[PDB]
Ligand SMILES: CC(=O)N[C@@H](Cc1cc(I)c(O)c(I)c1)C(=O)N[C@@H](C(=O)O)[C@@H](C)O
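One chain is shown next in structure tokens, namely the form deposited without this ligand.
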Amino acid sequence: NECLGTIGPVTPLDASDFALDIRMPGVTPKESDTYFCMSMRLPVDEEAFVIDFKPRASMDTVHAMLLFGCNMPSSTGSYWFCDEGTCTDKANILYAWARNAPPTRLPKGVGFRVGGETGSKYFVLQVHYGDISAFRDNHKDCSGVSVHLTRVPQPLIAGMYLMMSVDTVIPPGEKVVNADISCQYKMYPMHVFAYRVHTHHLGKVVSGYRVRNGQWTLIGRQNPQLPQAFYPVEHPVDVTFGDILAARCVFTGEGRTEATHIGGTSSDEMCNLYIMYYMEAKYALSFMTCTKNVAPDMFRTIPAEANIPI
């Protein structure tokens, strides 16, 4: 079932363009909710641009998939469990496939720059397998993602503005805990075209806004318990020098004996909001982070919807 062997992962389209198949190397899981990770080096050492993703997911088994970019994977193995870790350095997300939430295409002219001196040398593919019902026959699985690379330089460059809580603590029982993140945007204009939220099972609602002279332009709002793909932004949102990116995850503490804090495990929590943007080639940077809350009181003027779960 859909597994190349003798043809390999690389597939020339044209001189410049080519397609690359990041697949699992015939793994079979033992247990449910298993996170498998494997890496692919880039075939070229020159800078390239990623411009498309086709999900190749066997529908009767794969919960979700993620693709990152980094310079140093965690394992040197053929595959590994992602609890060991994805990338030792900063792992940069590019694509998120979710079952039951069809992903959107990248806008035309937009590509993530990869490789070269500065960009990512590796891809790491994280596959989340749900149930084991279809593996009764013990068949090796080759699920993954074909990607479209090219050396033709693209007019617009994709990047990611990661907003995350670092020092949150949820007291057990506590009915409502907000996790507020805010930073002054400090670069050339970006335009936001997608977003993903990630929390674990206590996340009620994550929301993120651009605030320009006091008024709260919404970017994205989602219940993290819904499938965590990138979702499209209604009308693309520019974000200019001086603007403030605010975001608020909202957590409950109920159904918990001890206090929850930020971390990797299932017992711990996360408040990540990934805002995919594009910038003009000449002005572009590929990654931005915000772990602060530089404008804390400002969250009184927050919209209501941010605190209203659905």
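Residues carry their position along the shown sequence, with the first being 1.
Mean C-alpha B-factor is higher over 68-76 than over the other stretch, the pair under comparison being 68-76 and 203-211. With 130-138 and 215-223 compared on mean CA B-factor from the PDB entry, the stretch scoring higher is 130-138. Reading the B-factor column for the CA atoms of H261, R256, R41, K282 in the entry, the top value corresponds to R256. Looking only at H191, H198, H235, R113, the residue with the top Cα B factor in the deposited structure is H235. When the modelled residues of the chain are ordered by C-alpha B-factor, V62 sits in the highest third. For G119, the recorded CA temperature factor ranks within the middle third of the chain's modelled residues. Residue-level temperature factors show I244 in the middle third of its chain, judged at the C-alpha atom.
In the deposited entry, the Cα temperature factor of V27 sits in the top third of values across the chain's modelled residues. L13: CA B factor in the highest third of modelled residues in this chain (values from the PDB entry).
Although it is not shown, the form deposited with this ligand bound is what the next lines describe.
The contact with this ligand in the bound PDB entry, taken as any heavy atom within 4.5 Å, belongs to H148 out of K121, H148, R99, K204.
Only one of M38, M270, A57, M279 comes within 4.5 Å of this ligand in the bound PDB entry through a heavy atom, and that residue is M270. Within this chain, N178 is remote from the site of this ligand in the bound PDB entry, having no heavy atom within 4.5 Å.
Using a 4.5 Å cutoff between non-hydrogen atoms, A91 counts as a contact of this ligand in the bound PDB entry. Heavy atoms of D33 never reach within 4.5 Å of this ligand in the bound PDB entry, leaving it off the interface. Taking the partner from the other structure, this ligand in the bound PDB entry has no heavy atom within 4.5 Å of any heavy atom of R113. Checking 168-176, 136-144, 219-227, 194-202 against this ligand in the bound PDB entry, the stretch whose residues place heavy atoms within 4.5 Å of it is 194-202. Scanning 25-47 for heavy atoms within 4.5 Å of this ligand in the bound PDB entry gives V44, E46, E47 in sequence order.
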